[PDB]
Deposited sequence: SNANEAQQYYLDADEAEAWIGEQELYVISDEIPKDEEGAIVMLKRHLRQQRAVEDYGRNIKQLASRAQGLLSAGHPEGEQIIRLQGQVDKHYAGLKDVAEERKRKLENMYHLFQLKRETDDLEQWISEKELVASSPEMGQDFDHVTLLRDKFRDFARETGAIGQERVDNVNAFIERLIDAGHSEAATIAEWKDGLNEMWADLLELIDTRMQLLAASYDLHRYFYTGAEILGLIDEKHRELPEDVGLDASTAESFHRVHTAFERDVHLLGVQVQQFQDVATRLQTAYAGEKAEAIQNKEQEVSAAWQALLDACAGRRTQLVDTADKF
């Protein structure tokens, strides 16, 4: 029976040695896939180690029974058990460390992939945001302006969510304690900055297009007014006072708009203003 204990203890020792040096691995995953495979394999190996714990406890129980019974070799036996307990504890640690490492390498691969797809997506949205296309007439600019508004909105909505998700994820890693938290943080900072830049680029593009719309809206309105002056000329008391108000507005728009332009373009604005004024005077 003590003779039997020794064999059992030697057997447990050999099993521990085998798991520690030969079953568990130091291999380092090259990629997410490789990591998933290694992790899956590692977790089963670790369940095996935990499961062996039953064997060890039972052996202690026997070493304790053999000691308390006053066996001649009770001191020798209780020592071997201490050595086994120790070696087993060493193996559980090594397994847990490995698990901690694989989870870190894995998660990081996921985050890196998700950050990259997102940064690329942002880069793509920026090109659309950089378009110079100003549009040839009023209907064309109306089109671009309306199309870009839809784009600004779809981009704002989808992007903010994706940004939020990468942020929440990055935070979860750091909160659970990750070996690479300093590097992950630089990624968050880089990503958040790009997002802000995209939202600003989107916004200036929109301001550009609003200004372009205003310029074309003015010329369009001038044309309408000339036709309206002409229509009345060829032609009631109230209608003219009202067309008169419409003219006064056009006059205000022309001055406001003038401050923004210079040279050829600014003059075109003035020419059209005077043309309208002259036509209006002819009527009165």
item: Deposited-sequence ranges lacking C-alpha coordinates, in sequence order; value: 1-4, 240-260, 310-326
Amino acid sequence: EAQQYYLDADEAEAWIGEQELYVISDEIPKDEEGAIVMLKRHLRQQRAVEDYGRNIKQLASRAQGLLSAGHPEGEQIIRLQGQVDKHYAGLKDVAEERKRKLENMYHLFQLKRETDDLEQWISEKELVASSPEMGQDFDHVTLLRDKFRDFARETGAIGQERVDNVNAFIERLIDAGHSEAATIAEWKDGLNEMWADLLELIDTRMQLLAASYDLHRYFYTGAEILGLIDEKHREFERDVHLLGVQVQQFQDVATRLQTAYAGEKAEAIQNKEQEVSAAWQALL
From here on, numbers count along this sequence of modelled residues.
query: Given 61-69 and 34-42, the range whose Cα B-factors average higher in the PDB entry; finding: 61-69
query: Of 139-147 and 121-129, the stretch whose C-alpha atoms average the higher B-factor in the entry; finding: 139-147
query: Candidate set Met134, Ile158, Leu108, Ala89 [ranked by C-alpha B-factor, highest]; finding: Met134
query: Third of chain Cα B-factors occupied by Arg153; finding: middle
query: B-factor third for the C-alpha atom of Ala196 within its chain; finding: lowest
query: B-factor third for the C-alpha atom of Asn167 within its chain; finding: middle
query: Modelled-residue ranking by C-alpha temperature factor, third containing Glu275; finding: highest
query: For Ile202, the third of its chain into which the C-alpha B factor falls; finding: lowest
